[PDB]
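Peer 1: Quick check, what structure comes out for this input:
(chains A, B and C)
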Amino acid sequence: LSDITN
Amino acid sequence: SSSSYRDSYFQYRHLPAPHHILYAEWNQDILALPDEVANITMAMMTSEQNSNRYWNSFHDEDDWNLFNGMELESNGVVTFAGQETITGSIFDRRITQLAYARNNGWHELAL
Amino acid sequence: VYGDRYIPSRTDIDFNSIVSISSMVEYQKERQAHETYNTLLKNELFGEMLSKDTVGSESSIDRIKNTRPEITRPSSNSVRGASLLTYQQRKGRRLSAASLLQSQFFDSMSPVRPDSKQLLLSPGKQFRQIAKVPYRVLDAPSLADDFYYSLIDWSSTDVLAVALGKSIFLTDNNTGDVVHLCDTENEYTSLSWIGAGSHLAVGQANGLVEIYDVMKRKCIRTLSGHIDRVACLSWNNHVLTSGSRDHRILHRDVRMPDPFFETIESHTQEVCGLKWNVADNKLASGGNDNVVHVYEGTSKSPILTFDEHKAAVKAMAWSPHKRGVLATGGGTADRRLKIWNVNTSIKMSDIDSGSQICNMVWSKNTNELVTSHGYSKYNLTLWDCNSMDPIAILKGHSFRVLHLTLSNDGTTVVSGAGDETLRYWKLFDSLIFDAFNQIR
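Peer 2: Residues are numbered from 1 along each chain as shown, chains lettered A, B, ... in the order given. Coordinates below:
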């Protein structure tokens, strides 16, 4: 899905 | 006793000035060998690289171009790098001339 | 035409001028960009003294580079560099010849010195290592995060089998989707494939090793032999190898209908890591006993023993490139990556990794290794066994990383961790045929 949040 | 009566070795009278023994350390100085150790001065693995470059300066343009990326494998198969590849067995005279040809010769696909 | 030694001539360059001349990841690229600009600037701004100096061939750029305080051919080997006084230089000029008018002509179109132009036109080395954040991440919610677990596994058909919770899911790289195989009451711990992806050997949490088909999505058979959970699986083209927490080392010959072939119980504590040697009839085993054993074939006798570990160790396997080289991970209090040699009893390396090690992955065309970590830093460590130096470190997992694997081309690598993330990195990239090509 990517777009991994911190 | 008897010390100075024997003359079977280098003694204090064989050297011209007896007082040179005061220094007596210049004998144990390794003199810098001619070419590669000139690089250690600049640096103050690299010294051997400068030795390679120093002895590599004695090339013609085409000869160096041939030997730019030359790698020789143990079994005799030689790979030549073009700046294609010229992988073939060495000890046949034609392969080196073919590398020379594709190096300095002109090749044009022309559409 | 040759100056005397005792009365040298003075060059225009001054005492402090040499003090000036001799003065010296995207960061490396910027530093290289700054250095060539500085070298070009000091080469162009100076050089009038250097132009008056020199005797033949060579260059002012070479003189500056020689000052102490893909490569093209160096012209000459003189390393004189900057100097206040010159002896050889007595003013003399060569007569103009056709080469000189050729040279002054290619100079007419150049606003800078020809030597500086050659330096700039020379190609800088494009030699960098790119080990950055993953370029692709997919979905895998509810991934197991147990220390004795090894779930993900590469197959030649761009196919990944994952034990997500209590069901086995199938991820196809060529399609990018997820396919469900089956599910059962007890959770899975180890995954494996037999043959060419035809069969999928999976270990459960009770040792009930059941083989499930891939294409037909059915349970091929149901085995036993372990009274505890399986930890990892391996095989060499005819026999599957299973290790479990209850010290069971089970080799299963899938030829006959009852695969169970032999058992080995030579360890002192639980067995957690067990990777069969495909090339040679040897086996590498270990676990939480701080003891690594090497067997020959299916025999129970430990041919080699090494006990340098200090805590729970999960990561141990053979390296495909060089035979007999076994890499073993660290522990919670050990954290030592240890590289071993079989048939010679030689310790190749033993280095602190900074965290406990759980899994390893070897490259295909280079000596690059990546190792998983857990319970200490939740990261991944890169390794070079030839020179013993880390290159890059990969982090960013909520739970510990346990599951890793290599791609077909040796470029993509997969990580398994409780964070429900699959991080994909990209680290890498005869006269019989003469008779074939006669007919066209």
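
Peer 1: how many neighbours does the residue nearest to residue C:324 when sequence neighbours are not counted have?
Peer 2: Leaving aside its sequence neighbours, residue C:324 sits nearest to residue C:342 (C-beta to C-beta, 6 or more residues apart in numbering or on different chains; 3.7 Å). Backbone N, C-alpha and C define where each C-beta goes, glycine included. Neighbourhood size, residue C:342 [other C-beta atoms under 10 Å in any protein chain shown]: 19.

Peer 1: How about the backbone phi and psi for residue C:299?
Peer 2: phi -70, psi 150 (degrees, to the nearest 10).

Peer 1: And it, how far from residue C:28?
Peer 2: Distance from residue C:299 to residue C:28, counting by C-beta to C-beta, to the nearest Å: 52 Å.

Peer 1: what number of residues lie near residue 6?
Peer 2: All of this refers to chain B. Neighbours of residue B:6 (other C-beta under 10 Å): 8.

Peer 1: wrong chain, I was asking about chain C
Peer 2: 6.

Peer 1: for the chain, what spans make up the helices?
Peer 2: By default, I'm working from chain B. Here chain B has its helices, by DSSP state H, at B:39-43, B:46-56, B:61-66, B:93-104.

Peer 1: meant chain C, my bad for not saying
Peer 2: Under DSSP H, chain C gives helices at C:15-22, C:26-45, C:48-52, C:60-66, C:98-108, C:114-121, C:432-436.

Peer 1: In a markdown table: these, plus mean neighbour count and distance to chain A.
Peer 2: A markdown table is the format used below for the helices of chain C (neighbours: other C-beta atoms under 10 Å in any protein chain shown; distance: least, C-beta to the nearest C-beta, whole Å):
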| stretch | mean neighbour count | distance to chain A |
| --- | --- | --- |
| helix C:15-22 | 13 | 47 |
| helix C:26-45 | 12 | 22 |
| helix C:48-52 | 16 | 54 |
| helix C:60-66 | 20 | 46 |
| helix C:98-108 | 10 | 52 |
| helix C:114-121 | 15 | 40 |
| helix C:432-436 | 8 | 44 |
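
Peer 1: Quick one: closest of the ones you listed to residue C:134.
Peer 2: Ranking those by proximity to residue C:134 (C-beta to C-beta) places helix C:26-45 first, at 18.9 Å.

Peer 1: Run the angle between that closest one and helix C:15-22 for me.
Peer 2: 140 degrees (axes from the mean of the first three to the mean of the last three C-alpha atoms, to 10 degrees).

Peer 1: Which elements pack onto helix C:26-45?
Peer 2: Judged by 3 or more C-beta pairs under 8 Å, 6 or more residues apart in numbering or on different chains; DSSP states H and E, the packing partners of helix C:26-45 are helix C:60-66, helix C:114-121.

Peer 1: give me that answer again for 6 Å
Peer 2: Helices and strands touching helix C:26-45, by 3 or more C-beta pairs under 6 Å, 6 or more residues apart in numbering or on different chains; DSSP states H and E, are helix C:114-121.

Peer 1: now the one residue in chain B that gets nearest to chain A: how far from residue C:197?
Peer 2: For chain B, the residue closest to chain A is residue B:85, as judged by C-beta to the nearest C-beta, at 39.3 Å. Distance from residue B:85 to residue C:197, counting by C-beta to C-beta: 35 Å.

Peer 1: Please say which of the two ends up with more neighbours.
Peer 2: More crowded of residue B:85 and residue C:197, by other C-beta under 10 Å: residue C:197, with 15 against 9.

Peer 1: thinking the more buried one is in contact with residue C:160, fair?
Peer 2: No: with contact defined as C-beta atoms under 6 Å, residue C:197 does not reach residue C:160; the gap is 10.9 Å.

Peer 1: Residue B:50: neighbouring residues, count only.
Peer 2: Residue B:50, neighbours per other C-beta under 10 Å, totals 20.

Peer 1: what's it in contact with, if anything?
Peer 2: Residues counted as contacts of residue B:50 (C-beta atoms under 6 Å, 6 or more residues apart in numbering or on different chains) are B:36, B:39.

Peer 1: One more pass at 7 Å, please.
Peer 2: Contact analysis of residue B:50 by C-beta atoms under 7 Å, 6 or more residues apart in numbering or on different chains lists B:36, B:38, B:39.

Peer 1: Specify which member of those is nearest to chain C.
Peer 2: Using C-beta to the nearest C-beta, those come closest to chain C at residue B:38, 5.7 Å.

Peer 1: which ones are touching that closest one?
Peer 2: Counting by C-beta under 7 Å, 6+ apart, residue B:38 makes contact with B:50, C:79.
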